[PDB]
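Quick notes on the structure that follows.
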RNA sequence: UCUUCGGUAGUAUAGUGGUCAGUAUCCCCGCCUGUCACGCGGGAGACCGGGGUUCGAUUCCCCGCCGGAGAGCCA
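Residue numbers (the entry's author numbering), protein chains in the order written: chain D, 58 to 350; chain E, 56 to 344; chain F, 58 to 342; chain C, 61 to 345; chain B, 60 to 342; chain A, 56 to 343.
Structure below.
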């Protein structure tokens with residue numbers, strides 16, 4: 058009767074060894090699929106700078122309003138602008154093209170905008186020096202807004218330019234420089250990576266205002282004089298590449314890991330069951346050898 | 056002729072010793088290198104960024120710190136493209152949810168500093184702004200400046216009675232920006248949600264001031280009338296989220312190592328079978344019958 | 058045709074399994090080759106925050122013109138600058154170490170460095186107050202440049218300050234401070250990693266100008282008094298490291314091991330053809 | 061035959077001799093290992109330090125108040141000075157006084173200063189003192205020259221520096237006159253554990269001081285004291301151990317193997333001799 | 060049980076590789092020790108003896124002084140005092156040429172060079188003497204430097220360069236006024252890798268007071284006196300020795316290889332002896 | 056078969072001669088490097104240092120040579136960095152041990168130079184220091200100074216005999232210092248012993264004097280009167296040992312030689328194995 | 001396609017339900033009888049593979065691999 062119980066105990070051990078590795082496999086595959094779904098939930102960041110040598114012509118959509126473009130001189134490399142007496146017009150050696158459109162988010166108002174061509178040569182540090190004057194009024198807070206878009210010649214050679222300002226304000230953000238300062242804007246360009254098209258352009262900038270010596274002007278009525286430059290901070294275009302360990306990585310790693318752990322989950326069980334039936338037969342051998350020595 | 060026997064004696068010994076030596080020399084090499092790589096990847100968790108959109112922000116924690124400065128207005132201009140022109144100096148129109156707390160200084164435990172916490176803007180979509188106005192006619196420092204800090208939520212401060220520790224932890228964590236003394240500082244703000252190992256999102260603020268000079272010469276400021284201005288608003292509806300994820304999975308480490316061990320076992324067995332076959336083909340070639 | 062055609066139908070499965078395994082292997086190696094084409098973008102960013110307590114004092118290369126310093130009062134303990142007076146030179150207690158050399162860009166211009174030690178502690182908010190002065194001239198906009206580099210001691214200990222400062226000027230950028238504002242320049246470090254781990258660093262800074270009342274010295278010509286409050290802001294430094302996510306060892310291991318499941322599938326094919334042969338033998342016998 | 065008894069002894073004799081020389085050589089090599097372990101050798105190293113290494117110069121005037129300091133960043137001829145004028149405390153006169161650690165009864169003072177820098181340009185501290193002449197003869201002012209001024213500043217519990225650095229030096233003084241000029245240099249010895257110790261050694265060179273300027277009427281004192289740096293080639297000392305980590309045991313095993321091989325070869329050769337002797341015996345039988 | 064015997068044979072097979080691992084570990088340890096020994100070269104000194112020292116180099120920059128006596132007391136120590144200030148007894152091989160500064164490049168240096176003493180057995184000493192007019196510098200001094208041999212200045216050319224090179228190698232010792240600075244000099248030779256012998260001078264001054272009461276120097280004029288005896292009749296010979304020789308560790312590696320071969324062979328013989336368990340069945 | 060026999064024999068012979076040769080080349084090459092290494096390490100012995108420690112030094116001799124002066128004051132001020140100073144220039148209070156010997160010179164062999172031998176301080180831990188105030192009449196001593204010489208055994212000087220030679224040899228060996236005529240020469244003598252070969256080690260005194268000036272305001276200005284103080288101490292409670300070790304060991308070197316000879320013998324055995332492989336190849340050649 | 005016969009050291013076989021899987025040759029070592037074996041004395045190498053019964057199966061049974069033997073269309 059002892060052997061009749063032993064043949065049941067060893068069957069129980071057989072089933073235990075089978076189901077141990079039949080449950081480990083399912084637990085591991087479920088854990089791996091859950092982990093790879095988690096990885097699919099959110100990708101990681103992969104930046105690259107790809108420094109350039111000759112920037113494109115950028116777009117600067119000023120909204121001067123009632124002011125006047127006194128000067129838009131392009132200091133081709135002159136990091137120290139030639140001092141000139143404020144308060145009078147002159148030297149419109151600029152690439153301005155006054156083009157207006159209706160502003161969205163309002164649906165009721167017209168607003169003009171003298172989009173100008175920005176500097177290109179970062180190595181030479183090309184500049185653009187502006188000067189806006191306005192007869193003082195009740196506004197008491199003189200800020201002249203300005204937008205920024207990547208390509209200017211694209212605006213030059215695009216039919217139905219409605220997009221170029223009816224979408225810039227709806228996409229970009231509206232900065233503004235002060236009245237009575239010289240807002241030094243050191244722009245830079247940053248590119249993202251979307252799955253729909255190819256990429257996108259977003260601007261960054263570091264305004265560094267410096268005071269304006271009101272002498273030699275004497276604003277008796279209070280004539281404010283806006284002054285703006287638009288440098289190019291760096292020859293580098295930090296592009297954001299949103300790399301994913303999500304679509305191909307999940308599938309490939311899933312299939313490989315599972316089909317290669319099934320290998321052990323089968324081989325170890327086979328070896329263990331073979332050797333345990335071997336030891337069962339060995340116990341039978343030793344008891345029957347005690348019987349028939 | 057024992058030439059075949061001697062060639063066998065050379066081959067099985069040297070070839071098999073070489074193959075079970077190269078097996079170890081590759082297995083231990085790869086296991087050590089990949090364990091080191093696992094430790095390295097555990098050393099440097101990779102960051103994850105995205106932009107979860109928010110239609111309507113909560114009530115932020117703008118907390119002005121005016122030392123003996125008189126508030127003049129709180130107009131929460133809901134959507135105004137530019138706030139309407141205001142005559143300075145005159146008080147009134149202070150429709151801001153305001154509370155004053157002052158217990159102790161977190162730094163040096165020096166003294167009390169009263170705050171003027173405002174509920175702050177909510178609707179980013181309609182570009183809510185909370186345009187302030189200040190006044191410091193009686194100047195003795197002669198070195199103008201006004202301090203302000205931001206915290207996460209208003210009702211979180213309001214409901215919790217930990218008033219002193221609110222301005223303890225907020226002051227210790229958030230830096231102390233100071234909007235300029237005299238001209239309006241259009242302080243757009245944005246939120247950054249960084250995650251932690253425990254799932255806690257300890258948020259911090261990010262702002263991009265844009266100082267606009269004032270032409271407030273309608274005040275006769277000869278006596279020392281230095282009046283300030285502030286504008287808060289929410290920069291973009293989006294919110295940045297920061298989460299550092301573990302790039303190394305030990306449950307993939309173990310799978311990779313057991314798989315390469317199985318590869319090496321199969322390679323050794325195949326090599327043994329192949330050498331046995333190449334040895335035994337001459338056995339059927341030396342004798343024909 | 059009763060048995061020869063069946064044997065041909067069995068043997069075409071041999072070529073079938075060969076071509077299937079070839080195609081699957083080619084597809085898998087194509088996927089892995091695309092992965093190591095993405096290897097170009099595999100440089101990813103991993104950042105950490107070293108909670109540093111005591112900080113290295115950094116050199117602060119100011120580049121004044123016709124200006125003259127007035128104070129360097131380092132408020133090691135004080136986080137607040139006590140009230141002071143315009144003009145009136147006093148307590149030039151900094152470590153001004155003028156090394157005025159020629160331009161590194163055009164090699165013609167004259168620059169006048171005034172390296173200051175800067176602060177050390179950040180838990181105590183160690184300010185480094187400064188002050189300048191300039192009698193008015195035809196200077197329609199007034200600005201006093203400056204610049205930064207990694208460490209003061211790396212300037213003091215290293216020899217040949219000529220190239221040490223000349224290359225640093227062109228390498229970094231120059232963000233100035235204005236004529237009449239307390240340009241409260243905070244500062245912080247980003248610790249990036251190069252291809253080998255040389256660990257170059259550059260400076261992040263958040264200026265915040267603030268107006269200064271000038272009635273106390275009645276400048277009747279345009280006298281300008283600058284003020285700079287260089288101060289370390291971050292109680293911890295950011296550590297940018299560009300780790301790469303893929304190594305060829307994983308590629309070769311996974312490929313050569315899915316090769317084994319391919320071989321096992323071939324084994325099942327070789328068993329199944331024999332099983333079908335046995336079944337057909339039983340059926341047609 | 062009798063030749064068998066003749067040769068049946070030197071067989072075991074040669075193995076006995078080999079065992080004897082084996083134990084002799086193992087004793088010789090173990091004694092050599094003991095000797096080479098009991099006499100570690102040193103290695104001298106020169107490093108070309110280019111810069112500061114701020115030392116914690118100390119002085120113990122007690123009654124001789126300071127009257128001058130200087131820092132001649134490049135001046136091998138320090139110019140004239142007024143004898144007896146107090147002030148110009150350009151030194152970082154971090155004055156601290158502490159009780160004796162050794163006698164535990166004397167209220168000792170200190171006038172720690174900041175040490176010379178710029179060894180390349182030979183920057184040299186300079187001093188000047190004064191003391192109303194008292195009953196004590198042989199006017200002497202003790203002074204230590206411990207190192208690490210920069211860490212001395214930030215160090216906590218400054219009593220320990222004074223109470224400890226006295227024991228680890230000999231406190232060489234400077235005289236009551238004639239500008240005891242004091243050069244100095246460093247030695248960097250390596251301890252047994254792995255740490256290192258830095259000690260200052262100095263080469264005074266006194267030069268007589270002309271008193272044709274003070275014209276004292278009592279016998280007052282104006283003893284200077286001058287510091288500098290000697291050649292920057294700081295001596296690094298390392299006490300390396302004789303290279304016997306495992307070579308002794310490996311060559312012990314080698315001599316073991318060769319002696320066993322030689323014993324076996326001796327057996328082979330003597331067996332060959334026995335074979336040829338048996339052949340000769342059969343020839344001559 | 061034959062399967063057990065083959066499994067023990069497989070155990071010996073596994074043991075066969077732990078010897079390889081230990082050998083490779085010892086090889087790595089040996090290569091690390093070799094690199095360490097090539098990283099810290101050892102030093103040695105041998106005090107050789109010299110019967111007749113070379114006539115050394117003595118550079119002096121008196122400035123506005125004037126050598127009043129240059130007597131070679133061959134072995135006598137009796138001090139003659141004719142007059143503290145008179146010029147006389149210039150009995151030495153002296154030679155002065157002024158050269159511009161090789162360091163500042165502006166000033167000129169007046170190298171009033173004196174040959175010096177040779178016979179250490181007789182303890183030759185070159186008793187100098189110098190007087191200076193009163194000046195405002197408030198403490199007198201004379202920088203003086205030494206070089207290898209006066210003959211290296213006598214016959215050699217480029218005498219301007221031959222002194223200009225020896226500018227900052229030494230530390231510019233100096234004797235004072237109203238003193239008798241006794242300078243016992245010794246010479247140390249270092250032996251570096253490139254076969255050159257850089258000679259250096261090391262000396263131990265011992266100032267002794269002087270009596271000017273016999274000259275009535277109330278005005279403020281100071282005197283100077285120097286001697287330059289050679290201290291020891293020896294020369295320090297410091298040699299840096301490399302203590303690592305690859306041709307002394309290749310034999311170490313070979314011995315390791317032989318002992319591991321013997322160990323493996325003994326393991327094989329041990330399992331062959333273990334076959335006695337089957338040999339008993341054969342019996 | 057003649058051609059095959061000739062070619063095989065020449066091929067085997069050239070292989071064996073090539074390896075046999077190499078064997079000899081590496082043997083002579085290694086014995087050459089052995090010769091070079093052993094001769095080089097015999098030429099340049101390598102020296103070592105160590106620092107033992109004591110708390111109570113023995114009594115060292117101090118051979119003063121006062122030509123005309125006198126022991127105005129001798130003391131044993133231990134532990135007192137402020138020695139009790141009396142009125143200068145007044146004799147008495149000599150609480151030391153002396154022996155006014157007067158022996159011969161090695162250079163003149165005729166002068167009976169005095170030597171007021173004293174024993175130095177011993178308590179380094181309590182920094183004991185002697186104090187030897189003197190005075191002379193300097194009628195003509197324009198550069199006043201009295202020599203002093205250090206030997207390391209006062210106790211062994213006492214009980215020993217032939218004291219003329221016991222002072223003669225120490226005078227010859229150690230160089231003669233001198234203390235200033237009008238200063239205070241603080242002499243912090245350290246003790247250095249070198250463990251030489253021949254079963255003998257010798258001691259050497261090295262010291263760094265530090266003159267500190269003396270003020271004579273307490274004595275009336277006189278002609279032919281300059282006094283001077285000399286101080287002896289103990290620098291460190293250490294004793295530096297300079298011992299020379301030897302790098303080369305004949306036992307180790309012959310061990311290397313035996314190992315490489317074993318390796319080359321095994322290489323020749325593998326050459327013999329190649330010979331037997333050639334023999335079997337020739338057996339196959341004749342079988343075919 | 002079907003039906004038998006056999007498969008063992010490197011060679012030839014002999015063994016078989018309970019074990020010096022043996023022997024001759026071949027492989028190694030001691031003797032040199034004129035010789036590197038012409039002759040002796042000691043030591044060494046194996047059940048075609050897989051599964052199943054049996055205390056144990058190289059033996060008993062089944063399935064695959066290898067030959068050789070026959071009918072032979074398997075076209």
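Backbone N, C-alpha and C fix where the C-beta goes; we use that ideal spot for every residue, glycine too.
{"Asked": "Using DSSP's beta-bridge definition, name the partner residues of residue 232 of chain A.", "Found": "A:203"}
{"Asked": "Which whole-angstrom value is the C-beta distance of residue 284 of chain C and residue 260 of chain C, which I expect to be below 8 Å?", "Found": "Contact flag wrong, Cβ pair sits at about 20 Å."}
{"Asked": "Relative to the C-alpha of residue 219 of chain F, which candidate in F:158, F:208, F:139 has its C-alpha closest?", "Found": "F:158"}
{"Asked": "Closer than 8 Å between beta carbons: that is the criterion. Which residues of the segment 290-304 of chain F meet it against chain E?", "Found": "290, 298, 300, 302, 304"}
{"Asked": "How about the segment 85-98 of chain A and the segment 188-204 of chain A: do they share at least three Cβ pairs that are nearer than 8 Å?", "Found": "no"}
{"Asked": "With distance defined between alpha-carbon atoms, name the residue in E:310, E:288, E:258 nearest to residue 264 of chain E.", "Found": "E:288"}
{"Asked": "Could you please tell me which residues of the segment 303-324 of chain E, in chain order, have their CB closer than 8 Å to any CB of chain F?", "Found": "311, 314, 315, 317, 318, 321"}
{"Asked": "Does the Cβ-Cβ distance between residue 173 of chain B and residue 117 of chain B come in under 9 Å?", "Found": "yes"}
{"Asked": "Counting only the same chain and skipping the five closest in sequence on each side, list residues whose C-beta sits under 6 Å from that of residue 81 of chain A.", "Found": "none"}
{"Asked": "Using C-beta distances below 6 Å, list every residue in its chain close to residue 175 of chain C, excluding the 5 sequence neighbours before and after it, in chain order.", "Found": "114, 115, 117, 209"}
{"Asked": "Is there at least one Cβ from chain A nearer than 9 Å to residue 66 of chain E's Cβ?", "Found": "no"}
{"Asked": "Would residue 254 of chain B be called buried (16 or more neighbouring beta carbons within 10 Å of its own) or exposed?", "Found": "exposed"}
{"Asked": "Tell me which residues share the same chain as residue 149 of chain A and place their Cβ nearer than 7 Å to its Cβ, disregarding the 5 neighbours each side in the sequence.", "Found": "126, 128, 129"}
{"Asked": "Where residue 147 of chain E and residue 171 of chain E are concerned, what is the direct C-alpha to C-alpha distance, given to the nearest angstrom?", "Found": "16 Å"}
{"Asked": "Excluding the 5 residues preceding and the 5 following residue 298 of chain B in the sequence, name in chain order all residues of the same chain whose CB lies nearer than 6 Å to its CB.", "Found": "103, 250"}
{"Asked": "Who are the Cβ neighbours of residue 355 of chain D in its own chain at under 8 Å, not counting the five residues just before and after it?", "Found": "This structure cannot speak to residue 355 of chain D, because chain D is shown only from 58 to 350."}
{"Asked": "Determine the DSSP secondary structure at residue 92 of chain A, reduced to helix, strand or coil.", "Found": "helix"}
{"Asked": "Thinking residue 168 of chain B and residue 120 of chain B are a contact (beta carbons under 8 Å), I'd like their distance in whole angstroms, please.", "Found": "6 Å"}
{"Asked": "Just to check my reading of the structure: residue 315 of chain E and residue 310 of chain F have Cβ atoms closer than 8 Å, yes? What is that Cβ distance to the nearest angstrom?", "Found": "5 Å"}
{"Asked": "For residue 240 of chain C, which residues in the same chain have their Cβ closer than 8 Å to its Cβ, ignoring the five residues on either side in sequence?", "Found": "234, 264, 266, 283, 284, 285, 286"}
{"Asked": "Cβ of residue 232 of chain F within 9 Å of Cβ of residue 256 of chain F?", "Found": "no"}
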